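With positions in the first sequence counted from 1, the corresponding number in the authors' numbering is that position plus 72.
To keep things clear, I will list the structure first and then write my remarks on it.
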Amino acid sequence: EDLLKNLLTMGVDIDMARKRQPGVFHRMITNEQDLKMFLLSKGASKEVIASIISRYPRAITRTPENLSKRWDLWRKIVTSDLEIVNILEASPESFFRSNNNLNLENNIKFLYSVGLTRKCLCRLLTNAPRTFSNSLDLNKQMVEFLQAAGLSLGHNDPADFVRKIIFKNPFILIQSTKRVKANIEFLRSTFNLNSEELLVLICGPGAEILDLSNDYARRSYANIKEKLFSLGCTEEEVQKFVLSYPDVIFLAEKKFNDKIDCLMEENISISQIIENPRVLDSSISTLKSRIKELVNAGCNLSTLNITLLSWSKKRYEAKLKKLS
DNA sequence: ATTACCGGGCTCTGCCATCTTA
DNA sequence: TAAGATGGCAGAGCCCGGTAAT
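Structural data, given as structure tokens:
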């Protein structure tokens, strides 16, 4: 009865909430008052609280003890109340979609038992909070899968391959083993690729390739291949290009294409680009903005060393002064 | 004095489908 | 037998500067 009214004064988007979890609006008891007071107690703003509830209404069904207990468990990982408030604003659901504080505590123990430092748990929690709402068994599967994958290739100690990969790729525990498997086979298939090279790639520059959704890597690579082929790059040149800079796989087709075109329209050859792949780091705005500045001064661009297009503001802007 | 090489910083959902559970 | 709990999916970069090399 009082529910709909309280939510209103709280500032909640009631229509959106209703549509997200209608089941919660058919409960005869709810704790929206306790929740609001609880989150206020911990620093949250009035609008954040409304936003949280609007996106994950079931939040209002937790008790002060559950909330406080779960919070205190998050405080075993993150050092301050404010850090947790920010994570909850950014995704409420990782905190509130489970009321199983025992599982949570077991997750924490299991992760520690994998040999992860607190700083690494903190990095997980802050950037992939949903790791902590996974069931223990779910996090176990991924770790097991990774060990198995580690030794299925040539890794001298899998236990340490796991830590390297989890530190470099903090999102790995919230991907399915299906997705990750498929991205590893994509890499092994498309490139060479001996286990030793595949390890390095996977632990290092290619680490987040493992988090790409189904077929998105294959599709993105296909586009890179087409686009470079069309410009007179051989397949070997294309592979070498992508392995030297796997981040290029993350770009959307159009973004990669527009980036290439915007450079070559200034007479930068494809060869200049693929031999200095880091120029593709800059956004299109930054590239266009810098190109204008440089042509707008003496510069050729066809013969210039284009590495500067991806330098820091400070280093770029200094070289530009000198150039005039 | 200037560029290259290379790794690190920041990275934090919101939905639906399919079970459990009471 | 309806909610709650859980798994799983699409989504689609940019920037900085330490330190080696020249």
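Each residue gets a CB set at the ideal place from its N, CA and C atoms; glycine is no exception.
Remark: three or more beta-carbon pairs, one from each stretch, lie closer than 8 Å, so the region 139–152 and the region 193–201 are flagged as touching.
A straight-line Cα-Cα distance of about 48 Å links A294 and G115.
Closest option to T102, judged by alpha-carbon separation, among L75, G95 and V120: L75. Between the alpha carbons of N329 and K299 lies a gap of roughly 7 Å.
Within the region 140–192, the complete alpha helix (DSSP H) runs of at least 4 residues fall at 153–162, 164–168 and 173–185. The beta carbons of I237 and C275 sit closer together than 8 Å. Within the region 296–364, no run of beta strand (DSSP E) reaches 3 residues while sitting entirely inside it. Measuring C-alpha to C-alpha distances from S207 to each of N173, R387, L352 and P230 identifies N173 as the nearest. With contacts defined as CB atoms closer than 8 Å, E119 and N78 fail to qualify as a contacting pair. Contact between the region 354–369 and the region 310–320 is absent: fewer than three C-beta pairs spanning the two stretches fall below 8 Å. Per DSSP, reduced to three states, the secondary structure at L111 is helical. Around the beta carbon of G222, a 10 Å sphere encloses 16 or more other beta carbons of the protein chains shown; the residue is thus reported as buried.
If you draw a straight line from the Cα of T133 to the Cα of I121, it comes to about 14 Å.
Per the coordinates, the alpha-carbon of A231 lies some 10 Å from the alpha-carbon of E216. In its chain, beyond the 5 residues on either side, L107, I124, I125, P164 and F168 have a beta carbon closer than 7 Å to the beta carbon of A131.
The alpha-carbon of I159 is positioned some 19 Å away from that of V84. The alpha-carbon of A162 is positioned some 30 Å away from that of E73. The beta carbons of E338 and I363 sit about 6 Å from each other, so the pair counts as a contact at 8 Å. Between the alpha carbons of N178 and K91 lies a gap of roughly 33 Å. For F217, the uninterrupted alpha helix (DSSP H) segment begins and ends at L208 to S224. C192 sits close to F239, with the two beta carbons spaced by under 8 Å. The beta carbons of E325 and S292 sit closer together than 8 Å.
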